[PDB]
Amino acid sequence: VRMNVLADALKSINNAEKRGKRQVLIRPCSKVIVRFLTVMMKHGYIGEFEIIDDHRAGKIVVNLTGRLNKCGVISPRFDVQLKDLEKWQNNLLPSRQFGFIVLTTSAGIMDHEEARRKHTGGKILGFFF
Amino acid sequence: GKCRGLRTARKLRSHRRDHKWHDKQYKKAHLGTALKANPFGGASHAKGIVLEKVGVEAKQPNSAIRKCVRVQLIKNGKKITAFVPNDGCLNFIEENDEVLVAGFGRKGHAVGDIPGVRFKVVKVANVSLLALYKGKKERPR
Amino acid sequence: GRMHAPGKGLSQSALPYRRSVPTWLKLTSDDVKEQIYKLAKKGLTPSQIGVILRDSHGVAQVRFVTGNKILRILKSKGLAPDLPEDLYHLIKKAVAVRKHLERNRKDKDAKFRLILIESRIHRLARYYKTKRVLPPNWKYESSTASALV
RNA sequence: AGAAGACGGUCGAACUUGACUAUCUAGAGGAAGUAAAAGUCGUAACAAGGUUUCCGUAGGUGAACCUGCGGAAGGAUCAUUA
RNA sequence: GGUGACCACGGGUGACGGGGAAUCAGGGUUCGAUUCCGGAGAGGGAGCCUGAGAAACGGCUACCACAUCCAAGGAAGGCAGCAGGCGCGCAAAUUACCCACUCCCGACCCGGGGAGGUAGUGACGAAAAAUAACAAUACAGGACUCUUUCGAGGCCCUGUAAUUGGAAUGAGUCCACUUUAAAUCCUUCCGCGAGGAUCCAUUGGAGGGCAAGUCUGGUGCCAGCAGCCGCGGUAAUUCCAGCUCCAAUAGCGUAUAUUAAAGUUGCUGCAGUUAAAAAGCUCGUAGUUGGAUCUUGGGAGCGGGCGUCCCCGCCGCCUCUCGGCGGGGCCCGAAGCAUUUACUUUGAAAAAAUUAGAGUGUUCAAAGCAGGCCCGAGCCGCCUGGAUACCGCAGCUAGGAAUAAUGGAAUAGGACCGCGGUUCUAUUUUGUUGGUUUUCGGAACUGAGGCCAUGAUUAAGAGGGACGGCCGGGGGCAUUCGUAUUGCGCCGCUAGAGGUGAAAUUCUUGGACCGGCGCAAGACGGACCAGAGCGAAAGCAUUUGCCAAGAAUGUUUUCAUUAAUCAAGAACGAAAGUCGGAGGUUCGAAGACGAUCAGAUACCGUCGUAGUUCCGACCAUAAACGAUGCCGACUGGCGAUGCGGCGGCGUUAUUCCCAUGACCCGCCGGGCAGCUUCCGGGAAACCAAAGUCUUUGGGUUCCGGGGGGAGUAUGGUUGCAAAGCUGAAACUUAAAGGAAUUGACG
Ligand SMILES: [Mg+2]
Ligand SMILES: [Mg+2]
Ligand SMILES: [Mg+2]
Ligand SMILES: [Mg+2]
Ligand SMILES: [Mg+2]
Ligand SMILES: [Mg+2]
Ligand SMILES: [Mg+2]
Ligand SMILES: [Mg+2]
Ligand SMILES: [Mg+2]
Ligand SMILES: [Mg+2]
Ligand SMILES: [Mg+2]
Ligand SMILES: [Mg+2]
Ligand SMILES: [Mg+2]
Ligand SMILES: [Mg+2]
Ligand SMILES: [Mg+2]
Ligand SMILES: [Mg+2]
Ligand SMILES: [Mg+2]
Ligand SMILES: [Mg+2]
Ligand SMILES: [Mg+2]
Ligand SMILES: [Mg+2]
Ligand SMILES: [Mg+2]
Ligand SMILES: [Mg+2]
Ligand SMILES: [Mg+2]
Ligand SMILES: [Mg+2]
Ligand SMILES: [Mg+2]
Ligand SMILES: [Mg+2]
């Protein structure tokens with residue numbers, strides 16, 4: 001069933017941007033969704049998303065742009081110990097020149113660059129690039 | 001698909017464990033059989049006594065007689081055919097003469113022709129065929 | 001796609017944004033709790049009350065009119081049933097399957113619909129044991145079941 | 001003080017007979033496989049393989065085999081012309 | 001009583017445990033008997049003395065197991081100390097010299113140490129590194145310059161030769177010295193010590209993988225070659241030889257264990273339409289996995305780029321009931337404690353060697369750890385090192401609270417001198433000690449009040465549960481009918497008919513076959529019947545009744561995380577098959593004959609047993625097949641149809657309309673299906689899904705790792721038995737196979 005609500009959503013916003021779809025809604029919604037999408041907003045990977053408030057769960061509607069090649073999700077949230085952060089961002093991103101492993105540490109949800117500035121580890125969620 | 005979860009380190013380990021008794025190359029190595037079966041008791045070469053000289057008929061596409069030796073190994077008393085490599089060297093080896101027999105390179109496969117002959121002769125009465133068939137060291141007497 | 005059947009259907013109820021009462025309604029939190037009250041008294045299930053109250057009567061949802069949901073209104077006054085209405089509907093059903101199985105020992109079909117039903121019972125039961133509405137002891141028994149309805 | 005000694009008890013190698021399990025092997029004679037690869041008797045299969053083929057089960061048969069029943073198409077018909 | 005599939009218990013090991021090793025894009029994989037740490041045993045056990053300290057083996061006591069001398073009464077035996085030998089063995093050193101170094105025991109500066117060092121053996125292995133260089137010729141060439149080219153000047157070159165030529169050196173040998181303990185070895189050097197014919201480089205190759213000759217001899221499917229592919233049958237690029245070349249090269253070969261290679265064990269990270277492969281189906285305990293939802297925006301400042309936009313310290317809470325740095329504060333000392341963790345970050349602790357890696361003319365390097373210097377040595381001495389990082393998990397400490405669980409108030413409770421009643425008992429206090437009773441301080445208990453905006457998040461395009469009107473060859477149990485079929489009864493007429501690539505056994509004037517009318521028994525439910533229906537899969541169709549059960553839709557019905565998949569364990573499971581029983585309609589293994597055929601113990605015929613038919617037990621398998629696990633998400637079209645709903649625009653009917661109902665036209669959910677396409681997949685065939693996969697991981701179940709041997713043997717278990725389930729190896733084997741292509745033969 002709905003186990004992981006990212007994988008759910010991120011499939012459907014990778015899986016639109018292939019078709020070139022202009023915008024998409026994501027059915028279940030969550031806090032973690034919002035908080036990881038707002039990360040994608042900063043590096044440009046999407047445009048402004050506007051969350052509907054069906055009284056229950058939430059829907060979102062994501063303005064897409066052309067720019068997202070793929071976003072995916074590492075499904076079990078392994079615990080990343082900062083020394084490993086490299087070994088991951090080697091084998092999970094296309095280059096050292098862009099690509100963003102979104103993860104979730106002590107000091108909020110954020111990309112790997114921002115966990116490195118603050119010097120924290122924590123749990124991998126996914127990656128967009 | 002695969003089990004993929006996070007407290008699944010065992011279902012995984014124990015999965016990748018048994019699905020090696022379906023590997024062939026480990027069930028030689030880790031089972032028992034091999035050490036029990038190969039006259040060469042896990043041992044690179046072995047010494048044995050030449051009990052007679054036997055020509056073997058090669059596998060159809062290539063007709064020829066191969067010129068091997070029935071050996072009996074010391075350590076086991078297990079018998080053997082070993083193809084005496086290189087031309088006219090069977091001529092050297094006489095009966096009841098102590099030979100150091102090594103493998104063929106296929107470790108169990110019989111090589112090419114020589115149907116069902118894993119072993120090749122190397123030494124003969126502490127000499128080495130390579131020295132004899134070159135004519136460097138003569139036959140001892 | 002359902003617990004125990006292939007049919008992967010969806011047909012469900014669906015409420016609006018709005019929750020605030022819809023102004024037809026007179027009654028008030030009291031006169032609804034006066035009425036739930038008299039229906040449960042007469043002998044109806046917490047579902048069945050919610051029913052009578054909407055078709056004939058007026059309340060979209062009790063929950064919105066009063067503070068709490070029907071069961072709590074019965075339970076906090078002590079008109080609530082012995083076991084959950086939701087469960088003895090399965091038990092009553094089981095005992096009905098039992099009966100004709102006991103006359104017709106050929107019905108292979110009835111011998112899921114029993115096994116399934118039994119299993120949808122046990123399954124239910126063992127949260128009602130962790131949510132602690134049932135005491136940690138009660139158990140099905142075929143024999144004692146027919147009585148329990 | 002005090003040796004040799006003797007009654008008792010305790011750990012207990014050892015020896016004798018059972019039990020188990022492990023491992024390893026002796027064996028009259030019997031039946032497979034493989035080799036392998038050129039003998040005889042057919043010709044089962046692949047072409048509509050001359051009998052669409054195959055599964056399971058059964059029964060039969062010098063041998064492939066054959067025949068029932070239920071299947072399968074991996075067919076030799078994606079159709080049969082209200 | 002304790003342990004157990006979070007896999008105990010049992011068995012095995014080519015198992016003394018760590019520290020590391022070689023491998024290695026990241027992750028592992030195997031090895032670690034190996035000098036450092038930890039353990040054990042001295043043929044095996046047991047017991048012993050003695051000892052602080054031992055159950056001590058360079059003690060002894062037996063026994064067992066071994067074995068020596070003998071005067072035959074007796075006696076002495078323990079190398080898994082060092083040397084050595086034997087046996088085993090594919091597989092491993094000298095009866096060497098010594099306390100000089102490091103250390104230890106002693107009563108001890110003084111002896112001893114096979115601990116240890118030093119030699120010898122020593123392609124276990126690692127480092128460095130000769131096996132020649134150079135001038136001039138003779139030439140053999142080729143970039144400037146010169147020449148139309150041929151030629152030449154020549155700064156450039158390089159090939160072979162003459163060695164023309166001397167120069168240089170080491171390998172050796174050996175005066176001498178150092179070394180050391182005495183040597184040896186090394187480092188130092190006198191003296192001798194290079195023209196190849198020497199001071200002499202070999203091992204495999206020379207078709208390809210794979211760098212290197214269809215050079216030349218010989219053999220001629222032999223010998224032989226060839227890890228695989230292969231060559232060899234009279235010119236072999238393949239054998240044996242010759243010459244030439246290539247690779248590495250002082251090393252180099254084959255023996256096999258093992259790692260990459262292996263995206264062929266796949267955590268990262270394989271696969272399951274057909275290639276090896278998804279249980280027949282379903283339930284289901286462990287396990288794994290599980291929606292959303294709860295402090296924030298914002299404030300105050302310092303600092304980058306009147307305000308706006310990045311960048312920092314702040315607004316862990318509570319306590320102060322607790323310390324104190326006659327009444328104090330001030331806040332640290334204590335604890336509510338981080339709900340209870342999981343997580344993350346910082347410490348501390350992590351034996352050295354190894355490792356990573358600071359520093360360093362070991363002549364470099366493996367190494368070594370020193371060295372450097374100051375110094376003309378008058379300095380009678382200075383200066384610096386012996387860096388650091390990692391060190392899993394668990395354990396310890398401290399920050400953070402991103403996510404994951406987990407917790408707290410609901411048949412009432414937190415606090416609020418809120419108040420009392422009951423009891424308790426501590427101790428200050430009555431100039432001291434006892435008694436009684438108090439006040440008070442702290443428990444415990446408990447009457448009765450005040451306040452607390454006093455407590456339930458929502459209902460999942462999750463689930464569970466109620467109700468509604470349909471729906472459906474879903475299941476059972478009754479009941480009813482239909483034909484044909486054979487059987488018989490009767491009657492009519494008459495001689496052939498059935499069967500067939502043709503015929504006969506067969507049935508028949510004892511009148512068969514045919515015709516008619518009657519009964520019979522059992523079968524099976526024709527057309528209607530469909531990419532139509534239902535169930536789980538086996539699955540499921542004459543009428544009617546009854547009996548439960550179910551999907552779907554409908555639903556501002558209720559419950560509220562209850563769920564998915566699931567080892568283990570259950571329910572059902574064509575046919576065939578088996579025990580019971582009932583029945584014998586046809587068909588029909590087996591079985592009998594006729595033909596056909598070279599034969600047919602086959603097909604094609606004619607009989608007909610078990611069984612197909614029923615009721616009762618078992619069995620538990622299919623090509624049980626969509627050769628597609630189940631749940632969950634997403635991505636395009638377009639047509640149709642089953643059900644339910646909804647809406648509309650029709651009308652036939654049907655009535656005055658209606659309600660309907662029957663058609664039409666839409667929409668909506670979930671069903672069975674179709675086509676179409678450069679989504680995107682896909683080896684290919686193909687596939688709305690086999691799509692979302694090097695852009696690798698939504699959850700989870702099963703399961704394959706070349707083919708056979710083999711679904712065999714053996715073991716276990718179930719079964720009355722067929723058999724079912726679990727399920728090896730030796731051996732052999734190079735492809736077997738799959739998808740598509742041309743062929744070519746049906
Ligand atoms: Mg289920
Ligand atoms: Mg096949
Ligand atoms: Mg052993
Ligand atoms: Mg010994
Ligand atoms: Mg000891
Ligand atoms: Mg002892
Ligand atoms: Mg000794
Ligand atoms: Mg050796
Ligand atoms: Mg020594
Ligand atoms: Mg070396
Ligand atoms: Mg030399
Ligand atoms: Mg080659
Ligand atoms: Mg490997
Ligand atoms: Mg790799
Ligand atoms: Mg594979
Ligand atoms: Mg299936
Ligand atoms: Mg009919
Ligand atoms: Mg099972
Ligand atoms: Mg059956
Ligand atoms: Mg039957
Ligand atoms: Mg019977
Ligand atoms: Mg017949
Ligand atoms: Mg099967
Ligand atoms: Mg697939
Ligand atoms: Mg993958
Ligand atoms: Mg295999």
# chains A, B, ... in the order shown; residues from 1 in each chain; ligands from 1
$ interface_residues --of "chain B" --to "chain D" --cutoff "9 Å" --atoms "only C-alpha atoms (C1' of nucleotides)" --output "list in words"
residues 59, 60 and 115 of chain B
$ interface_residues --of "chain A" --to "chain E" --cutoff "8 Å" --atoms "only C-alpha atoms (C1' of nucleotides)" --output "JSON, numbers by chain"
{"A": [1, 2, 3, 4, 5, 7, 8, 11, 12, 15, 16, 19, 28, 29, 30, 56, 57, 58, 69, 70, 73, 74, 75, 79, 81, 87, 91, 104, 105, 106, 107, 108, 109, 119, 120, 121, 122, 123]}
$ residues_near_ligand --ligand "ligand 6" --cutoff "9 Å" --atoms "only C-alpha atoms (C1' of nucleotides) and all ligand atoms" --output "PDB file with N, CA and C atoms (P, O5', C5', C4', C3', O3' and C1' of nucleotides), in the first residue's frame"
ATOM      1  P     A E  42      50.060 -31.722  29.127  1.00  0.00           P
ATOM      2  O5'   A E  42      50.638 -33.183  28.890  1.00  0.00           O
ATOM      3  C5'   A E  42      52.046 -33.413  28.753  1.00  0.00           C
ATOM      4  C4'   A E  42      52.502 -33.249  27.322  1.00  0.00           C
ATOM      5  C3'   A E  42      53.991 -33.526  27.146  1.00  0.00           C
ATOM      6  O3'   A E  42      54.203 -34.200  25.929  1.00  0.00           O
ATOM      7  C1'   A E  42      53.541 -31.345  26.449  1.00  0.00           C
ATOM      8  P     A E  46      42.121 -35.140  32.461  1.00  0.00           P
ATOM      9  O5'   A E  46      42.544 -36.299  33.465  1.00  0.00           O
ATOM     10  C5'   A E  46      41.574 -37.186  34.052  1.00  0.00           C
ATOM     11  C4'   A E  46      42.191 -37.910  35.218  1.00  0.00           C
ATOM     12  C3'   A E  46      42.648 -36.987  36.336  1.00  0.00           C
ATOM     13  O3'   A E  46      41.610 -36.493  37.144  1.00  0.00           O
ATOM     14  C1'   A E  46      44.279 -38.621  35.981  1.00  0.00           C
ATOM     15  P     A E  55      48.491 -24.698  36.001  1.00  0.00           P
ATOM     16  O5'   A E  55      47.555 -25.790  36.695  1.00  0.00           O
ATOM     17  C5'   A E  55      47.328 -27.098  36.119  1.00  0.00           C
ATOM     18  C4'   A E  55      48.059 -28.133  36.935  1.00  0.00           C
ATOM     19  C3'   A E  55      47.829 -29.597  36.556  1.00  0.00           C
ATOM     20  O3'   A E  55      49.002 -30.361  36.235  1.00  0.00           O
ATOM     21  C1'   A E  55      47.678 -29.244  38.952  1.00  0.00           C
ATOM     22  P     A E  56      49.657 -30.362  34.752  1.00  0.00           P
ATOM     23  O5'   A E  56      51.063 -29.631  34.979  1.00  0.00           O
ATOM     24  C5'   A E  56      51.127 -28.194  34.867  1.00  0.00           C
ATOM     25  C4'   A E  56      52.476 -27.585  35.210  1.00  0.00           C
ATOM     26  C3'   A E  56      53.741 -28.179  34.613  1.00  0.00           C
ATOM     27  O3'   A E  56      54.122 -27.524  33.391  1.00  0.00           O
ATOM     28  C1'   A E  56      54.095 -27.321  36.888  1.00  0.00           C
ATOM     29  P     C E  57      53.403 -27.815  31.968  1.00  0.00           P
ATOM     30  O5'   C E  57      54.636 -28.239  31.049  1.00  0.00           O
ATOM     31  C5'   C E  57      54.877 -29.607  30.634  1.00  0.00           C
ATOM     32  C4'   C E  57      55.760 -30.341  31.627  1.00  0.00           C
ATOM     33  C3'   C E  57      57.182 -30.653  31.173  1.00  0.00           C
ATOM     34  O3'   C E  57      58.062 -29.548  31.351  1.00  0.00           O
ATOM     35  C1'   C E  57      56.232 -32.421  32.493  1.00  0.00           C
TER      36        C E  57
END
$ interface_residues --of "chain B" --to "chain E" --cutoff "7 Å" --atoms "only C-alpha atoms (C1' of nucleotides)" --output "ChimeraX atom specification"
/B:3,5,8,16,19-20,22-23,43-46,62-64,87,102-103,105-106
$ write_last_selection --atoms "N, CA and C atoms" --output "PDB file, in the first residue's frame"
ATOM      1  N   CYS B   3      14.029  -7.991  -1.095  1.00  0.00           N
ATOM      2  CA  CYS B   3      13.340  -7.639   0.158  1.00  0.00           C
ATOM      3  C   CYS B   3      13.527  -6.184   0.603  1.00  0.00           C
ATOM      4  N   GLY B   5      14.162  -3.946   2.675  1.00  0.00           N
ATOM      5  CA  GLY B   5      13.914  -3.252   3.920  1.00  0.00           C
ATOM      6  C   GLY B   5      15.163  -2.992   4.742  1.00  0.00           C
ATOM      7  N   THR B   8      16.358  -6.021   7.647  1.00  0.00           N
ATOM      8  CA  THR B   8      16.216  -7.167   6.768  1.00  0.00           C
ATOM      9  C   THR B   8      17.608  -7.673   6.435  1.00  0.00           C
ATOM     10  N   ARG B  16      21.328 -14.835   0.536  1.00  0.00           N
ATOM     11  CA  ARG B  16      22.580 -14.961  -0.279  1.00  0.00           C
ATOM     12  C   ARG B  16      23.483 -16.053   0.199  1.00  0.00           C
ATOM     13  N   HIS B  19      21.642 -19.545  -1.523  1.00  0.00           N
ATOM     14  CA  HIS B  19      21.674 -19.441  -2.982  1.00  0.00           C
ATOM     15  C   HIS B  19      23.082 -19.400  -3.536  1.00  0.00           C
ATOM     16  N   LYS B  20      24.010 -19.862  -2.696  1.00  0.00           N
ATOM     17  CA  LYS B  20      25.261 -20.428  -3.124  1.00  0.00           C
ATOM     18  C   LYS B  20      25.355 -21.978  -3.208  1.00  0.00           C
ATOM     19  N   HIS B  22      23.566 -23.488  -4.897  1.00  0.00           N
ATOM     20  CA  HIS B  22      23.270 -23.540  -6.347  1.00  0.00           C
ATOM     21  C   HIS B  22      24.368 -23.013  -7.263  1.00  0.00           C
ATOM     22  N   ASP B  23      25.408 -22.413  -6.700  1.00  0.00           N
ATOM     23  CA  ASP B  23      26.641 -22.187  -7.442  1.00  0.00           C
ATOM     24  C   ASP B  23      27.287 -23.548  -7.639  1.00  0.00           C
ATOM     25  N   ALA B  43      46.078 -31.653  -3.339  1.00  0.00           N
ATOM     26  CA  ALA B  43      47.523 -31.451  -3.420  1.00  0.00           C
ATOM     27  C   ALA B  43      47.890 -31.168  -4.861  1.00  0.00           C
ATOM     28  N   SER B  44      48.819 -30.240  -5.071  1.00  0.00           N
ATOM     29  CA  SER B  44      49.142 -29.771  -6.421  1.00  0.00           C
ATOM     30  C   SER B  44      49.598 -30.913  -7.323  1.00  0.00           C
ATOM     31  N   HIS B  45      50.645 -31.615  -6.914  1.00  0.00           N
ATOM     32  CA  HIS B  45      51.086 -32.801  -7.622  1.00  0.00           C
ATOM     33  C   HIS B  45      51.076 -33.948  -6.631  1.00  0.00           C
ATOM     34  N   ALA B  46      51.574 -35.103  -7.080  1.00  0.00           N
ATOM     35  CA  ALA B  46      51.645 -36.316  -6.269  1.00  0.00           C
ATOM     36  C   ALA B  46      52.543 -37.348  -6.924  1.00  0.00           C
ATOM     37  N   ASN B  62      39.589 -35.962 -33.997  1.00  0.00           N
ATOM     38  CA  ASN B  62      41.058 -36.105 -34.085  1.00  0.00           C
ATOM     39  C   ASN B  62      41.573 -37.486 -33.764  1.00  0.00           C
ATOM     40  N   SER B  63      41.905 -38.256 -34.796  1.00  0.00           N
ATOM     41  CA  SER B  63      42.372 -39.622 -34.606  1.00  0.00           C
ATOM     42  C   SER B  63      43.841 -39.613 -34.239  1.00  0.00           C
ATOM     43  N   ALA B  64      44.202 -40.402 -33.226  1.00  0.00           N
ATOM     44  CA  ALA B  64      45.592 -40.574 -32.776  1.00  0.00           C
ATOM     45  C   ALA B  64      45.620 -41.356 -31.475  1.00  0.00           C
ATOM     46  N   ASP B  87      56.713 -35.479 -27.519  1.00  0.00           N
ATOM     47  CA  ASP B  87      56.839 -36.601 -28.456  1.00  0.00           C
ATOM     48  C   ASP B  87      57.956 -37.561 -28.057  1.00  0.00           C
ATOM     49  N   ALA B 102      51.629 -34.252 -12.233  1.00  0.00           N
ATOM     50  CA  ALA B 102      50.914 -33.018 -11.896  1.00  0.00           C
ATOM     51  C   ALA B 102      49.589 -32.993 -12.660  1.00  0.00           C
ATOM     52  N   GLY B 103      48.796 -31.940 -12.481  1.00  0.00           N
ATOM     53  CA  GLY B 103      47.504 -31.827 -13.172  1.00  0.00           C
ATOM     54  C   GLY B 103      47.597 -31.560 -14.667  1.00  0.00           C
ATOM     55  N   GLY B 105      45.624 -28.519 -16.008  1.00  0.00           N
ATOM     56  CA  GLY B 105      45.370 -27.075 -16.147  1.00  0.00           C
ATOM     57  C   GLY B 105      43.899 -26.761 -16.070  1.00  0.00           C
ATOM     58  N   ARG B 106      43.096 -27.786 -16.353  1.00  0.00           N
ATOM     59  CA  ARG B 106      41.651 -27.729 -16.215  1.00  0.00           C
ATOM     60  C   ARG B 106      41.125 -28.212 -14.854  1.00  0.00           C
TER      61      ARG B 106
END
$ residues_near_ligand --ligand "ligand 24" --cutoff "12 Å" --atoms "only C-alpha atoms (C1' of nucleotides) and all ligand atoms" --output "VMD selection string"
(chain B and resid 1) or (chain E and resid 271 to 274 277 to 278 628 681 to 682 687 689 to 691 693)
$ atom_distance --atom1 "CA of residue 53 (chain B)" --atom2 "CA of residue 35 (chain B)"
27.3 Å
$ closest_atom_pairs --of "chain B" --to "chain A" --cutoff "10 Å" --atoms "only C-alpha atoms" --output "JSON lines"
{"residue": "B:4", "atom": "CA", "partner": "A:76", "partner_atom": "CA", "distance": 7.5}
{"residue": "B:5", "atom": "CA", "partner": "A:76", "partner_atom": "CA", "distance": 6.2}
{"residue": "B:6", "atom": "CA", "partner": "A:76", "partner_atom": "CA", "distance": 5.9}
{"residue": "B:7", "atom": "CA", "partner": "A:76", "partner_atom": "CA", "distance": 9.6}
$ interface_residues --of "chain E" --to "chain C" --cutoff "6 Å" --atoms "only C-alpha atoms (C1' of nucleotides)" --output "PDB file with C-alpha atoms (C1' of nucleotides), in the first residue's frame"
ATOM      1  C1'   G E 465     -17.830  -2.521   9.718  1.00  0.00           C
ATOM      2  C1'   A E 466     -23.900  -0.977   8.761  1.00  0.00           C
ATOM      3  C1'   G E 475     -21.986 -22.773  -3.901  1.00  0.00           C
ATOM      4  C1'   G E 476     -25.313 -26.203  -1.657  1.00  0.00           C
ATOM      5  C1'   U E 556     -22.424  15.164   4.325  1.00  0.00           C
ATOM      6  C1'   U E 557     -24.437   5.526   7.236  1.00  0.00           C
ATOM      7  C1'   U E 558     -20.831   4.065  11.682  1.00  0.00           C
ATOM      8  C1'   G E 670     -15.093  -0.127 -10.584  1.00  0.00           C
TER       9        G E 670
END
$ residues_around --residues "residue 355 (chain E)" --least-positions-apart "2" --cutoff "10 Å" --atoms "only C-alpha atoms (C1' of nucleotides)" --output "count of residues only"
4
$ select_by_dssp --residues "chain A" --states "helix (DSSP H, G or I)" --output "PyMOL selection string"
chain A and resi 5-17+31-43+84-91+112-118
